[PDB]
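Residue numbers (the entry's author numbering): 1 to 224.
First the structure, in the form of structure tokens, and then the observations on it.
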Ligand SMILES: OC[C@H]1O[C@@H](O[C@H]2[C@H](O)[C@@H](O)[C@H](O[C@H]3[C@H](O)[C@@H](O)[C@H](O[C@H]4[C@H](O)[C@@H](O)[C@H](O)O[C@@H]4CO)O[C@@H]3CO)O[C@@H]2CO)[C@H](O)[C@@H](O)[C@@H]1O
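Okay, here's the thing in structure tokens:
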């Protein structure tokens with residue numbers, strides 16, 4: 001690896017991307033740790049991985065290490081035409097409580113900190129070990145060439161929309177996240193004209209299990 005980010009909130013940035021050893025829930029663990037590795041920045045993308053083992057509090061996320069596309073504050077979702085992104089990944093085992101997911105926060109306050117927002121949009125590409133997203137099942141949705149189970153609920157005051165695969169995982173994926181926002185704007189009254197983009201990330205939420213290793217073979221993200 002080019003860089004090993006094994007410290008709590010170990011951080012790298014470059015080429016308009018960033019990487020964080022985001023162990024935000026680790027104090028709920030009874031044992032374990034996690035490191036995030038920058039493997040490459042080849043071909044306009046990021047190659048990275050994270051290794052971990054966690055015990056304790058099986059409904060509590062211990063971490064969400066991520067790669068993020070850096071964005072400028074004050075961009076209304078309605079004024080973003082496209083958020084094209086692709087990811088290729090593997091997990092070395094699936095007998096773990098973990099997901100792989102895109103995470104996007106938006107807020108009416110354009111200076112909202114990056115830990116949250118008014119709304120969260122997640123696109124889950126894996127759902128291992130019997131975990132649940134925030135909230136309850138809402139409906140099925142056709143987007144990005146697939147069928148999704150949409151779940152909705154609240155994390156504090158933040159409304160969370162999570163799009164889940166009905167079956168299996170999706171280890172090679174590409175989409176335009178604006179298709180997901182546009183669907184929410186039309187059918188869920190999502191206030192895109194007053195919401196600013198806060199973060200644009202992909203990573204893995206880790207609850208319990210391991211030793212496990214997530215490899216992101218390639219990540220690319222743009223927005224226009
Ligand atoms: O909290 C500060 C922290 O936030 C990080 O971003 C989090 C979001 O805050 C969060 O909404 C979301 O994590 C969800 C996860 O998707 C769900 O699977 C999980 O669901 C739990 C649920 O909470 C329980 O009620 C239920 O009983 O069990 C299920 C699991 O089976 O809930 C969590 C939130 O608790 O996604 C984001 C990524 O982790 C930021 O990354 C960080 O910067 C902040 O400090």
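Even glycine gets a Cβ: it sits at the ideal position worked out from N, Cα and C.
For residue i, the nearest candidate out of the options (CA to CA)
i, options, result
"residue 88", "97, 202 and 77", "202"
"residue 30", "38, 54, 148 and 3", "54"
"residue 102", "5, 122 and 95", "122"
"residue 143", "117, 33, 159 and 177", "177"
"residue 96", "114, 152, 214 and 191", "214"
"residue 156", "135, 91 and 74", "135"
"residue 146", "66, 166 and 137", "166"
"residue 137", "115, 93, 90 and 160", "160"
"residue 119", "209, 192 and 42", "192"
"residue 172", "28, 180, 217 and 212", "217"
"residue 208", "25, 21, 19 and 7", "25"
"residue 44", "183, 86 and 179", "86"
"residue 27", "181, 42, 8 and 210", "8"
Residue environment, residue i, which counts as buried when at least 16 other CB atoms sit within 10 Å
i, result
"residue 168", "exposed"
"residue 2", "exposed"
"residue 117", "buried"
"residue 36", "buried"
"residue 140", "exposed"
"residue 133", "buried"
"residue 162", "buried"
"residue 127", "buried"
"residue 94", "exposed"
"residue 224", "exposed"
"residue 190", "buried"
"residue 115", "exposed"
Entirely enclosed beta strand (DSSP E) segments - the region 89-118, minimum 3 residues: Counting only runs of 3+ residues, the beta strand (DSSP E) found wholly inside the region 89-118 occupies 97-107, in chain order.
Contact the region 196-207 vs the region 106-122: 3+ CB pairs below 8 Å: The region 196-207, when compared against the region 106-122, does touch it at the 8 Å Cβ threshold.
Length-filtered (4 minimum) alpha helix (DSSP H) runs lying within the region 172-214: Listed in chain order, the complete alpha helix (DSSP H) runs (minimum 4 residues) inside the region 172-214 are 177-187.
Residue ranges of each beta strand (DSSP E) within the region 58-84, 3 or longer: With a minimum length of 3 residues, the continuous beta strand (DSSP E) runs that stay inside the region 58-84 are 66-69.
Contact the region 2-19 vs the region 55-63: 3+ CB pairs below 8 Å: Contact between the region 2-19 and the region 55-63 is absent: fewer than 3 CB-CB pairs across the two stretches fall below 8 Å.
contact_flag[the region 58-77, the region 33-50] where n(CB pairs < 8 Å) is 3 or more: Enough Cβ pairs lie closer than 8 Å, so yes.
Segments of 3+ residues assigned as beta strand (DSSP E) that fall wholly inside the region 14-59: 17-20, 31-40 and 46-55, all fully within the region 14-59.
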